[PDB]
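Presented below is the structure to which this report refers.
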Amino acid sequence: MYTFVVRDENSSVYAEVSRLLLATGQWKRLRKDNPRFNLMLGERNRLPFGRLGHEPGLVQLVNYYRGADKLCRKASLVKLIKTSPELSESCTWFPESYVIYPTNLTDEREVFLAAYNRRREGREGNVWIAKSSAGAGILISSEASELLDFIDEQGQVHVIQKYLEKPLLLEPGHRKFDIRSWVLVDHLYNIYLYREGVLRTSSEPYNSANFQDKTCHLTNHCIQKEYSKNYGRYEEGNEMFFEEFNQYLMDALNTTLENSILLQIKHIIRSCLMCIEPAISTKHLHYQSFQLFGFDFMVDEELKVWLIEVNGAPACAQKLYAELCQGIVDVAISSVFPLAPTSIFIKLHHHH
Amino acid sequence: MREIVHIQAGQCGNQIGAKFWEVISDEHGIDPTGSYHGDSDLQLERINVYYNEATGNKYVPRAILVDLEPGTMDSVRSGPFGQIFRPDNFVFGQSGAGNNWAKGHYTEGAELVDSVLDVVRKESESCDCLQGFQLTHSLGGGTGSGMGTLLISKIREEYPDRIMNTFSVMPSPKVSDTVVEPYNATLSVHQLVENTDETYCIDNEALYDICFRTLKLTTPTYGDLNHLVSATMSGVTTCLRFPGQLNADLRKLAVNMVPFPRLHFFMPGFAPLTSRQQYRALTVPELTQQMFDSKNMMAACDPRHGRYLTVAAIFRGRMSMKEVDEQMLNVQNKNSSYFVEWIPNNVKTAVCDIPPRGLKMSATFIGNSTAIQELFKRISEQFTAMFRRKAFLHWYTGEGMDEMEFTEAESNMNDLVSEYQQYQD
Amino acid sequence: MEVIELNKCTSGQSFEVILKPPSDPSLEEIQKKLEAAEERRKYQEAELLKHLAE
Amino acid sequence: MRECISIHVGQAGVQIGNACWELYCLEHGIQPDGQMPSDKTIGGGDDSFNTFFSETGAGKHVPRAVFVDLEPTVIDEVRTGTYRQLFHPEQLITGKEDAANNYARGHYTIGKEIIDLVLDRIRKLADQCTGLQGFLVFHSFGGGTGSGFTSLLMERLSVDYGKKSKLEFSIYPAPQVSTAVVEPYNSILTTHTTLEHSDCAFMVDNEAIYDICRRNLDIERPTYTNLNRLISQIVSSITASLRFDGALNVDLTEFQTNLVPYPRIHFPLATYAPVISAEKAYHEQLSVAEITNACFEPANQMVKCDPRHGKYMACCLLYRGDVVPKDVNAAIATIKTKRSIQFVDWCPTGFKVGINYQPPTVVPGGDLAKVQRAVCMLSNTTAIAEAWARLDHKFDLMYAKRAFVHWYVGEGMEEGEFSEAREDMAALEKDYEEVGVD
Ligand SMILES: Nc1nc2c(ncn2[C@@H]2O[C@H](COP(=O)(O)OP(=O)(O)OP(=O)(O)O)[C@@H](O)[C@H]2O)c(=O)[nH]1
Ligand SMILES: Nc1ncnc2c1ncn2[C@@H]1O[C@H](COP(=O)(O)OP(=O)(O)CP(=O)(O)O)[C@@H](O)[C@H]1O
Ligand SMILES: Nc1nc2c(ncn2[C@@H]2O[C@H](COP(=O)(O)OP(=O)(O)O)[C@@H](O)[C@H]2O)c(=O)[nH]1
Ligand SMILES: Cc1ncsc1C(=O)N1CCNC(=O)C1
Ligand SMILES: [Ca+2]
Ligand SMILES: [Ca+2]
Ligand SMILES: [Ca+2]
Ligand SMILES: [Mg+2]
Ligand SMILES: [Mg+2]
Ligand SMILES: [Mg+2]
């Protein structure tokens, strides 16, 4: 009879796991302050890792990798890619990005302006996007003056990265989109990719001449269901799954999702996770960790995959909550606490 | 040299105290004449905690026998180990107490208490360093209850910085001498709330049900009940009478068990408890499962109706101390809801290599549960059922008491119950 | 990876390696504390004896 | 040469002091009777070992130690043990009844009545000193004497020896060996009143020593002897520089200089390798790089935490045995490219290394296997603050209900000293965060 506790009531993913663990009749939930737990569905912010693994006779497991915020923060991811030899500054699957501190506070203001002027002079596409972790607040502009002035009006750190002016557009619709992949890392640091991704498509035709109306440029599910007038027109809730997106790629581009996109995605997932594996691995630690991640990719018209961001506390697609949550319990929880297929995951092998 | 002074008052107190000294006298190799005849030095390492050493290498229990009638103590002096007790430590009168608290506390007792304290003071003055006193007594009679709590009130006055522990037998209508036992118990419980650091609550009902249901005794006697108490009393004092990584006296044990000065009433427990299948080996998981089972509790309180403030287990015998740790952690982990989370690691465990007579291994349980309030509720209800009609009060008013003293003792105990209740939430 | 201040002797040696450069209460006040606590112990014990006398 | 006085307060401190002086004697070749053949200067001398030992005209080498316990059963073992001839009676002080795991009892009630006797016996050792450096105070956190009396002794030592340095070896409480529920109270009470009086403190978590004993030594249920022989190894590695010819950590002031740039944050983490069971058939002797790499595995630290997520302020490497600087640098470079070693921006990213060619001495019959080389790393990570958080958390759970507080007040302590000491820890936990997090 394993015991667990819940410290994140707002997590829909683990709300279903806590629901599934109980349904096994072998897991007993405790109060959120009882320290005699086998598993902790911990809180997002300021999770007390220091208080784990000090309970005699209890093997303790938490659903967050201490230090994984280095990869799940806008300003942290950029700093991690540029400064990590495994990723180097010449990383080819990540857009050119710069960390910009508002003037009311190192900072890459002059470094970003250097490359910007180079593009302005060389007649090249010079359209950037400014965003931050404090957003629901994004500004897509082609003038450097507007980008830097938009950040000074704020008080938090922001990042300016090259906006993909040539995004792959689904037809019919001539619309943008982004791909979401769920990756579960278990206590042994096996990288499991969920076979089921989701494309959060824009119902508005992409318009490269009007970055003011950000409804055809931002594929967020909340922006398309609030400021887009074609929501739910082409696909239910602006969400295309792999089966349809694959068939389309076959009919339109005469290729498969696995060959033209999935290989690049799996290569990006491995590169990022293996990079920080020494900094967050819980192999020789007094407690074990696992964590579910949500990778957001972009695909340009050349069928090249780009990494947008990594989500540390990602939510799932309404259809896949069942299959995925049962997968979290199978390989993450029951792998350490066994109960008395054809995996739904793609194990990305690697050297530990 | 950390001596304890033992005091046994009344019929219950002296009959149980006798069996207790009989049980540990055997464990320490002391024979009915006080001559050591053991085979281990562990038997004499802490022998001075309860025994004084006289000429000829004789060991005399540091015990003081008290009663207002000579009957019960005459038996003790004629019992198996009667000769082992210091003659000058038999202090008794002739009037008796008539199962009357007021006679033991105010009248008959008052006339005899000074003489008892003269023996107490005589036993203390010879202590290299007195840990404190322990009293065995019932709360339902007159001497053990009325005069016992009077002795406690005077021992605290003369030794205000010494630990006072008691083994208190609580009255149950199922094992009753007289109908005024709830009166005498309610009056004594208030004394114990004030003037004792630890009180081992021994409910005569629990001792009966165990003899009847578990031990399969068709008709239990006071002797059968006292056998359990003799074994449990020897179990808790094991760590005190034998060596080990414990290093614990009465004050250090009280500190780890009493989070609040008035909530010091403990539920005892013993394991094994077997009927005559009595030769079977008892495994460490079995000892632990039973020791936490309410059926092995001697306070007639369901622990699942409350929460443990603290717990202490004392295992005896040659066993896997690793397997002990694993099992103790198993009980807490598999039931952590029943242990207050605002006192971390409130379950402590001690081991002793010397097991009781004729027992490969055993476990003694000491629980500070808020479920003990159920015990004080029984007494409180039985009290009120009679006091509302002022029934049988004439026995007490005739000795100088006033109904107000009753109404206050009634309140004090109902307060005590409310105090347990607030910490159960 | 610079070694500095290397010292050697018969029973061992010691050095320093730099991988990168950078970027009370008086005796009086104690006696008072120890006596203030002994006074609260006497006051407490007096309230007990006063209680036991009543 | 300058002398160091060792003070062992409480059961933990005394039993650990006993294990250390046993080891000091094996290393320095001193017999249980105090005779040291290799010492050619009889009844005198200013050798490096004379910082811990004095001499008598009869060639006896007497530890500069003082054992203090409020109850005599533990110190009586010293009086009749194998090394009973090392100490003379004046050195062993014992009371009548202990503090019952009650800080206020050890600091106030019983502490007041014996402190002057202690300072007197300490003044007798100080008078045998031509240039006293300071004191090494071995004590537990959870014990009533260890915590309560030590903080009073520390307050008075800072008075009668205002210029001397004071280092602590402090036993952190671990439930797997503790029998006291109020140890969180005592630990925090003694950190509060001792913080400003201690210049460097080495915390040993009994939890850490317990697993290192079960994992590496294959002891199913380790006793205090197992835990102590291992702790006296780490203590020896730390005090070796004061007892042997060298140039790193040669006097007590050097520990503060090399390890504590900020005064309040004077709790360096200790990591020791290798720990090899003596019952092993025969172990493959580890290399300089192998044992040096293990200095960054949490399973060899004296306080379980994760330095990867803190920032270092200093770092020492104390090697013993067959080790040469070349091999040290090779392993260091290799570890910088494989380990997360973040320093504070206001401190250099470096390693002070010390090497003693004499390998670790192992108590005959003990549990540790003789190895050819060993190391002990003294790093000052913000990650050790995890131990304060754990402790502080437990304090808050009980004190919210005022649980057990009545025992302390009854001994003369005021309920406010609780919150006063708990606020200090709140400040201590903040500094660690100011220096460690971004
Ligand atoms: N590592 C180690 N810890 C010990 C040892 N002895 C006791 N402890 C720990 O010390 C704590 C209890 O403090 P003690 O030193 O025993 O108590 P004390 O200092 O003698 O103070 P008193 O309350 O007066 O007995 C517990 O956490 C024990 O686990 C020991 O020999 N080695
Ligand atoms: N460099 C870039 N080029 C093209 N599009 C970009 C881009 N950066 C962001 N976007 C657009 O923004 C959307 C996602 O923004 P982003 O993920 O940075 O904000 P966010 O983190 O608040 C949303 P979520 O965390 O849910 O994925 C995507 O749909 C993408 O089309
Ligand atoms: N367990 C046990 N209980 C007893 C014994 N004798 C009396 N009692 C209980 O104690 C109460 C009577 O008190 P008693 O000791 O006879 O009165 P006293 O002699 O004036 O102290 C009743 O509740 C009895 O059930 C005994 O030998 N063993
Ligand atoms: C509390 C107590 N009172 C009388 S005996 C006793 C006891 O045996 N123990 C076992 C050891 N550790 C404890 O904390 C208590
Ligand atoms: Ca008369
Ligand atoms: Ca000499
Ligand atoms: Ca000072
Ligand atoms: Mg986001
Ligand atoms: Mg009777
Ligand atoms: Mg002690």
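Going by the structure tokens order, chains are called A, B, ..., each with residues numbered from 1, while ligands are numbered from 1 in the order shown.
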
Report as a list in words the set of chain A residues whose atoms approach chain D to within 9 Å, with distances computed over only C-alpha atoms.
-> residues 48, 49, 50, 51, 54, 55, 56, 66, 67, 278, 279, 280, 284, 285 and 286 of chain A

Just N, CA, C and O atoms for this one: save the residues we selected as a PDB file, in the first residue's frame.
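Now in result_18.pdb:
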```pdb
ATOM      1  N   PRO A  48       9.976  22.048  -2.034  1.00  0.00           N
ATOM      2  CA  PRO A  48      11.057  21.821  -1.049  1.00  0.00           C
ATOM      3  C   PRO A  48      11.816  20.519  -1.276  1.00  0.00           C
ATOM      4  O   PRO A  48      11.652  19.523  -0.564  1.00  0.00           O
ATOM      5  N   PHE A  49      12.700  20.528  -2.277  1.00  0.00           N
ATOM      6  CA  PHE A  49      13.478  19.331  -2.575  1.00  0.00           C
ATOM      7  C   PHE A  49      14.366  18.944  -1.400  1.00  0.00           C
ATOM      8  O   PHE A  49      14.584  17.754  -1.144  1.00  0.00           O
ATOM      9  N   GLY A  50      14.881  19.936  -0.670  1.00  0.00           N
ATOM     10  CA  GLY A  50      15.765  19.660   0.448  1.00  0.00           C
ATOM     11  C   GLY A  50      15.151  18.788   1.522  1.00  0.00           C
ATOM     12  O   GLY A  50      15.888  18.195   2.318  1.00  0.00           O
ATOM     13  N   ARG A  51      13.821  18.690   1.565  1.00  0.00           N
ATOM     14  CA  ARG A  51      13.124  17.910   2.577  1.00  0.00           C
ATOM     15  C   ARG A  51      12.702  16.538   2.069  1.00  0.00           C
ATOM     16  O   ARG A  51      11.822  15.908   2.665  1.00  0.00           O
ATOM     17  N   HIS A  54      14.684  11.958   3.329  1.00  0.00           N
ATOM     18  CA  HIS A  54      15.128  11.849   4.715  1.00  0.00           C
ATOM     19  C   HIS A  54      14.090  11.148   5.592  1.00  0.00           C
ATOM     20  O   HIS A  54      13.984  11.435   6.788  1.00  0.00           O
ATOM     21  N   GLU A  55      13.315  10.233   5.011  1.00  0.00           N
ATOM     22  CA  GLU A  55      12.319   9.471   5.759  1.00  0.00           C
ATOM     23  C   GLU A  55      12.735   8.010   5.829  1.00  0.00           C
ATOM     24  O   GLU A  55      12.590   7.277   4.837  1.00  0.00           O
ATOM     25  N   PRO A  56      13.241   7.535   6.967  1.00  0.00           N
ATOM     26  CA  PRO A  56      13.740   6.157   7.030  1.00  0.00           C
ATOM     27  C   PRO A  56      12.663   5.161   6.629  1.00  0.00           C
ATOM     28  O   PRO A  56      11.498   5.289   7.010  1.00  0.00           O
ATOM     29  N   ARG A  66      14.706  18.577  -9.922  1.00  0.00           N
ATOM     30  CA  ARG A  66      15.316  19.783  -9.381  1.00  0.00           C
ATOM     31  C   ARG A  66      16.375  20.297 -10.346  1.00  0.00           C
ATOM     32  O   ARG A  66      17.305  19.568 -10.708  1.00  0.00           O
ATOM     33  N   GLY A  67      16.225  21.551 -10.768  1.00  0.00           N
ATOM     34  CA  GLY A  67      17.118  22.150 -11.735  1.00  0.00           C
ATOM     35  C   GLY A  67      16.618  22.134 -13.163  1.00  0.00           C
ATOM     36  O   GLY A  67      17.309  22.656 -14.046  1.00  0.00           O
ATOM     37  N   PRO A 278      23.815  15.762 -16.263  1.00  0.00           N
ATOM     38  CA  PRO A 278      24.695  15.785 -15.080  1.00  0.00           C
ATOM     39  C   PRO A 278      24.214  16.726 -13.988  1.00  0.00           C
ATOM     40  O   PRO A 278      24.517  16.505 -12.809  1.00  0.00           O
ATOM     41  N   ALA A 279      23.477  17.775 -14.348  1.00  0.00           N
ATOM     42  CA  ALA A 279      23.083  18.786 -13.379  1.00  0.00           C
ATOM     43  C   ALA A 279      21.823  18.420 -12.607  1.00  0.00           C
ATOM     44  O   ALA A 279      21.605  18.971 -11.523  1.00  0.00           O
ATOM     45  N   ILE A 280      20.988  17.518 -13.126  1.00  0.00           N
ATOM     46  CA  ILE A 280      19.713  17.200 -12.494  1.00  0.00           C
ATOM     47  C   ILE A 280      19.499  15.708 -12.301  1.00  0.00           C
ATOM     48  O   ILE A 280      18.479  15.313 -11.738  1.00  0.00           O
ATOM     49  N   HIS A 284      22.455   8.970  -8.033  1.00  0.00           N
ATOM     50  CA  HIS A 284      23.109   8.714  -6.757  1.00  0.00           C
ATOM     51  C   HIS A 284      22.595   9.639  -5.660  1.00  0.00           C
ATOM     52  O   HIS A 284      23.333   9.983  -4.734  1.00  0.00           O
ATOM     53  N   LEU A 285      21.335  10.047  -5.754  1.00  0.00           N
ATOM     54  CA  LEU A 285      20.733  10.976  -4.809  1.00  0.00           C
ATOM     55  C   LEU A 285      19.840  10.227  -3.822  1.00  0.00           C
ATOM     56  O   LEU A 285      19.386   9.108  -4.082  1.00  0.00           O
ATOM     57  N   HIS A 286      19.597  10.859  -2.671  1.00  0.00           N
ATOM     58  CA  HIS A 286      18.788  10.235  -1.626  1.00  0.00           C
ATOM     59  C   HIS A 286      17.299  10.207  -1.953  1.00  0.00           C
ATOM     60  O   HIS A 286      16.520   9.678  -1.154  1.00  0.00           O
TER      61      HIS A 286
END
```

Pick out each residue of range 153-398 of chain B that DSSP on the backbone tags as helix (DSSP H, G or I); I need them as a count of residues only.
-> 114

Listing only residues of chain C within 8 Å of chain D, what is the closest atom pair and its distance in Å (to one decimal) for each, using only C-alpha atoms, sorted by chain and residue number ascending, as JSON lines?
```
{"residue": "C:1", "atom": "CA", "partner": "D:333", "partner_atom": "CA", "distance": 7.8}
{"residue": "C:7", "atom": "CA", "partner": "D:247", "partner_atom": "CA", "distance": 6.7}
{"residue": "C:8", "atom": "CA", "partner": "D:246", "partner_atom": "CA", "distance": 7.7}
{"residue": "C:9", "atom": "CA", "partner": "D:246", "partner_atom": "CA", "distance": 6.9}
{"residue": "C:10", "atom": "CA", "partner": "D:245", "partner_atom": "CA", "distance": 7.8}
{"residue": "C:11", "atom": "CA", "partner": "D:357", "partner_atom": "CA", "distance": 5.7}
{"residue": "C:12", "atom": "CA", "partner": "D:356", "partner_atom": "CA", "distance": 4.2}
{"residue": "C:13", "atom": "CA", "partner": "D:355", "partner_atom": "CA", "distance": 5.2}
{"residue": "C:14", "atom": "CA", "partner": "D:354", "partner_atom": "CA", "distance": 4.1}
{"residue": "C:15", "atom": "CA", "partner": "D:353", "partner_atom": "CA", "distance": 5.3}
{"residue": "C:16", "atom": "CA", "partner": "D:352", "partner_atom": "CA", "distance": 4.3}
{"residue": "C:17", "atom": "CA", "partner": "D:351", "partner_atom": "CA", "distance": 5.3}
{"residue": "C:18", "atom": "CA", "partner": "D:350", "partner_atom": "CA", "distance": 4.1}
{"residue": "C:19", "atom": "CA", "partner": "D:350", "partner_atom": "CA", "distance": 5.2}
{"residue": "C:20", "atom": "CA", "partner": "D:349", "partner_atom": "CA", "distance": 5.0}
{"residue": "C:21", "atom": "CA", "partner": "D:348", "partner_atom": "CA", "distance": 4.7}
{"residue": "C:22", "atom": "CA", "partner": "D:348", "partner_atom": "CA", "distance": 4.3}
{"residue": "C:23", "atom": "CA", "partner": "D:345", "partner_atom": "CA", "distance": 4.9}
{"residue": "C:24", "atom": "CA", "partner": "D:158", "partner_atom": "CA", "distance": 7.7}
{"residue": "C:25", "atom": "CA", "partner": "D:155", "partner_atom": "CA", "distance": 7.6}
{"residue": "C:26", "atom": "CA", "partner": "D:159", "partner_atom": "CA", "distance": 6.8}
{"residue": "C:27", "atom": "CA", "partner": "D:159", "partner_atom": "CA", "distance": 6.6}
{"residue": "C:30", "atom": "CA", "partner": "D:155", "partner_atom": "CA", "distance": 8.0}
{"residue": "C:34", "atom": "CA", "partner": "D:108", "partner_atom": "CA", "distance": 5.9}
{"residue": "C:36", "atom": "CA", "partner": "D:412", "partner_atom": "CA", "distance": 7.7}
{"residue": "C:37", "atom": "CA", "partner": "D:412", "partner_atom": "CA", "distance": 4.1}
{"residue": "C:38", "atom": "CA", "partner": "D:412", "partner_atom": "CA", "distance": 5.8}
{"residue": "C:39", "atom": "CA", "partner": "D:412", "partner_atom": "CA", "distance": 7.5}
{"residue": "C:40", "atom": "CA", "partner": "D:412", "partner_atom": "CA", "distance": 5.4}
{"residue": "C:41", "atom": "CA", "partner": "D:412", "partner_atom": "CA", "distance": 5.1}
{"residue": "C:44", "atom": "CA", "partner": "D:410", "partner_atom": "CA", "distance": 7.7}
```

With C-alpha atoms retained, export the selected residues as a CSV table (one decimal), in the first residue's frame.
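What follows is the written file selection_27.csv:
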```
chain,number,residue,atom,x,y,z
C,1,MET,CA,44.9,25.5,-14.5
C,7,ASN,CA,55.2,23.8,-0.3
C,8,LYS,CA,57.1,20.5,0.2
C,9,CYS,CA,58.4,18.8,3.3
C,10,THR,CA,59.3,15.2,4.5
C,11,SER,CA,55.7,14.3,5.5
C,12,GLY,CA,53.8,15.7,2.5
C,13,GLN,CA,53.2,18.8,0.4
C,14,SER,CA,50.5,21.3,-0.2
C,15,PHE,CA,49.6,23.7,-3.0
C,16,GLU,CA,46.8,25.8,-4.5
C,17,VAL,CA,45.2,25.5,-7.9
C,18,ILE,CA,43.2,28.3,-9.4
C,19,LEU,CA,40.8,27.3,-12.2
C,20,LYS,CA,39.4,30.8,-12.7
C,21,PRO,CA,39.7,34.3,-11.0
C,22,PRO,CA,36.7,35.9,-9.3
C,23,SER,CA,34.3,38.5,-10.6
C,24,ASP,CA,29.7,39.5,22.6
C,25,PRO,CA,28.0,39.4,26.0
C,26,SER,CA,30.3,40.4,28.9
C,27,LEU,CA,30.8,38.2,31.9
C,30,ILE,CA,25.9,36.2,31.2
C,34,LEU,CA,21.7,32.6,34.4
C,36,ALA,CA,17.1,35.6,35.7
C,37,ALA,CA,16.3,32.0,34.8
C,38,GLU,CA,17.0,30.8,38.4
C,39,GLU,CA,14.6,33.5,39.7
C,40,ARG,CA,11.8,32.3,37.4
C,41,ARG,CA,12.5,28.8,38.7
C,44,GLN,CA,7.5,29.0,39.9
```

Counting only C-alpha atoms, chain B residues within 10 Å of chain C, as a PyMOL selection string | chain B and resi 153-154+156-158+160-161

Write the residues of the selection above to a file with N, CA and C atoms, as a PDB file, in the first residue's frame.
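See out28.pdb below for the written result:
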```pdb
ATOM      1  N   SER B 153       0.674  14.172  46.881  1.00  0.00           N
ATOM      2  CA  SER B 153       0.626  15.603  47.160  1.00  0.00           C
ATOM      3  C   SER B 153       1.692  16.019  48.168  1.00  0.00           C
ATOM      4  N   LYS B 154       2.041  15.137  49.103  1.00  0.00           N
ATOM      5  CA  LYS B 154       3.056  15.459  50.099  1.00  0.00           C
ATOM      6  C   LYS B 154       4.465  15.146  49.621  1.00  0.00           C
ATOM      7  N   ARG B 156       5.408  15.480  46.512  1.00  0.00           N
ATOM      8  CA  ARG B 156       5.742  16.604  45.649  1.00  0.00           C
ATOM      9  C   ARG B 156       6.145  17.820  46.472  1.00  0.00           C
ATOM     10  N   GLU B 157       5.500  18.021  47.624  1.00  0.00           N
ATOM     11  CA  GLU B 157       5.834  19.164  48.467  1.00  0.00           C
ATOM     12  C   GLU B 157       7.265  19.065  48.983  1.00  0.00           C
ATOM     13  N   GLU B 158       7.687  17.868  49.383  1.00  0.00           N
ATOM     14  CA  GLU B 158       9.019  17.672  49.937  1.00  0.00           C
ATOM     15  C   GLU B 158      10.077  17.379  48.880  1.00  0.00           C
ATOM     16  N   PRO B 160       9.922  18.583  45.226  1.00  0.00           N
ATOM     17  CA  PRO B 160       9.207  19.191  44.091  1.00  0.00           C
ATOM     18  C   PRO B 160       9.900  18.999  42.754  1.00  0.00           C
ATOM     19  N   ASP B 161      11.187  18.656  42.737  1.00  0.00           N
ATOM     20  CA  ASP B 161      11.934  18.489  41.497  1.00  0.00           C
ATOM     21  C   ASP B 161      12.309  17.033  41.240  1.00  0.00           C
TER      22      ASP B 161
END
```

Go through chain B and flag each residue having an atom no more than 12 Å from ligand 9; for those, report the closest pair of atoms plus their distance in Å to one decimal, using only C-alpha atoms and all ligand atoms, ordered by chain and rising number, as a Markdown table.
```
| residue | atom | partner | partner_atom_place_in_ligand_line | distance |
| --- | --- | --- | --- | --- |
| B:9 | CA | ligand 9 | 1 (Mg) | 11.5 |
| B:10 | CA | ligand 9 | 1 (Mg) | 7.9 |
| B:11 | CA | ligand 9 | 1 (Mg) | 5.5 |
| B:12 | CA | ligand 9 | 1 (Mg) | 7.0 |
| B:13 | CA | ligand 9 | 1 (Mg) | 10.1 |
| B:14 | CA | ligand 9 | 1 (Mg) | 10.8 |
| B:15 | CA | ligand 9 | 1 (Mg) | 10.3 |
| B:67 | CA | ligand 9 | 1 (Mg) | 10.9 |
| B:68 | CA | ligand 9 | 1 (Mg) | 11.4 |
| B:69 | CA | ligand 9 | 1 (Mg) | 10.4 |
| B:71 | CA | ligand 9 | 1 (Mg) | 10.0 |
| B:72 | CA | ligand 9 | 1 (Mg) | 8.8 |
| B:96 | CA | ligand 9 | 1 (Mg) | 10.0 |
| B:97 | CA | ligand 9 | 1 (Mg) | 9.5 |
| B:98 | CA | ligand 9 | 1 (Mg) | 8.6 |
| B:99 | CA | ligand 9 | 1 (Mg) | 7.2 |
| B:100 | CA | ligand 9 | 1 (Mg) | 10.8 |
| B:137 | CA | ligand 9 | 1 (Mg) | 11.3 |
| B:138 | CA | ligand 9 | 1 (Mg) | 9.5 |
| B:139 | CA | ligand 9 | 1 (Mg) | 11.2 |
| B:140 | CA | ligand 9 | 1 (Mg) | 9.0 |
| B:141 | CA | ligand 9 | 1 (Mg) | 6.6 |
| B:142 | CA | ligand 9 | 1 (Mg) | 8.6 |
| B:143 | CA | ligand 9 | 1 (Mg) | 9.3 |
| B:144 | CA | ligand 9 | 1 (Mg) | 9.8 |
| B:145 | CA | ligand 9 | 1 (Mg) | 11.4 |
| B:171 | CA | ligand 9 | 1 (Mg) | 11.8 |
| B:175 | CA | ligand 9 | 1 (Mg) | 11.6 |
| B:176 | CA | ligand 9 | 1 (Mg) | 9.6 |
| B:177 | CA | ligand 9 | 1 (Mg) | 6.8 |
| B:178 | CA | ligand 9 | 1 (Mg) | 9.0 |
| B:181 | CA | ligand 9 | 1 (Mg) | 10.9 |
| B:222 | CA | ligand 9 | 1 (Mg) | 10.5 |
```

Given a cut-off of 10 Å, which residues of chain A touch chain B, counting only C-alpha atoms, written out as a ChimeraX atom specification?
-> /A:1-3,28,30-31,33-38,55-58

Who sits within 12 Å of residue 174 in chain B, only C-alpha atoms, same chain under 2 positions skipped, as a count of residues only | 17

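Taking CA of residue 200 in chain A and CA of residue 8 in chain A as endpoints, the distance between them is 25.5 Å.
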
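A distance search around ligand 1 (6 Å at most, only C-alpha atoms and all ligand atoms) returns the following protein and nucleic acid residues: residues 10, 11, 12, 15, 16, 70, 98, 99, 100, 101, 102, 140, 142, 143, 144, 145, 146, 171, 173, 174, 177, 178, 206, 224, 227 and 228 of chain D.
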
Go through the chains and note each residue within 6 Å of ligand 6, using only C-alpha atoms and all ligand atoms, then give the set as a VMD selection string.
-> chain D and resid 39 41 to 42 44 to 45

Skip range 264-280 of chain D itself and residues of its chain fewer than 3 positions away, then list as a VMD selection string all residues within 7 Å of it, counting only C-alpha atoms.
-> chain D and resid 195 199 to 203 216 to 217 234 259 to 260 283 291 294 to 295 300 to 303 367 to 369 374 to 381 384
